[PDB]
Amino acid sequence: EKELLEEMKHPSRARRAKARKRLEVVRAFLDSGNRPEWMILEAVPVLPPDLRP
Amino acid sequence: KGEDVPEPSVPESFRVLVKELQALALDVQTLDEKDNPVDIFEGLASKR
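So the protein lines, in turn, are chains D and C.
The entry's author numbering puts the first sequence at residues 474 to 526.
The entry's author numbering puts the second sequence at residues 1072 to 1119.
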């Protein structure tokens, strides 16, 4: 987050737009409390049998 | 019996939606005014 905040001061419009999009995902993870490594599955849930009868 | 019908409760298709979202590895939880969890499955699906 601290690196992306420094790139937010660049004169180029494209650089500031790209750093904002990366920061939005980083901010969402920091505020929610989720961990980024939870996006890779280790155990797969199984639906209850009555909903797949 | 000649009475007025009682108050309704949670529909079953909403319970199906919660379970199907849990099969997608998404944690969906119903909360109350104080942000405390509310159990809509009558304790039938909680591991003791």
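Every residue, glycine too, gets a C-beta built ideally from N, C-alpha and C.
Which of the three DSSP states is assigned to residue i in this structure?
i              : result
residue 1077/C : coil
residue 1108/C : strand
residue 514/D  : coil
residue 1115/C : coil
residue 520/D  : coil
residue 1102/C : strand
residue 1097/C : coil
residue 476/D  : helix
Using only the alpha-carbon positions, how far apart do residue i and residue j sit?
i              : j              : result
residue 523/D  : residue 514/D  : 24 Å
residue 512/D  : residue 484/D  : 34 Å
residue 487/D  : residue 517/D  : 40 Å
residue 509/D  : residue 1097/C : 14 Å
residue 1093/C : residue 1073/C : 42 Å
residue 1108/C : residue 1101/C : 6 Å
residue 1105/C : residue 505/D  : 18 Å
residue 495/D  : residue 477/D  : 8 Å
residue 481/D  : residue 489/D  : 5 Å
When the cut-off is 7 Å and only beta carbons count, does residue i lie next to chain C?
i             : result
residue 509/D : no
residue 518/D : yes
Compute the beta-carbon to beta-carbon distance between residue i and residue j, rounded to the nearest angstrom, for a pair I have assumed lies under 8 Å.
i              : j              : result
residue 1111/C : residue 1087/C : Actually they are not in contact, since the Cβ atoms of residue 1111/C and residue 1087/C sit about 12 Å apart, beyond 8 Å.
Jot down the residue ranges of each uninterrupted beta strand (DSSP E) in the stretch 481 to 508 of chain D, minimum 3 residues, whole runs only, in chain order.
-> none
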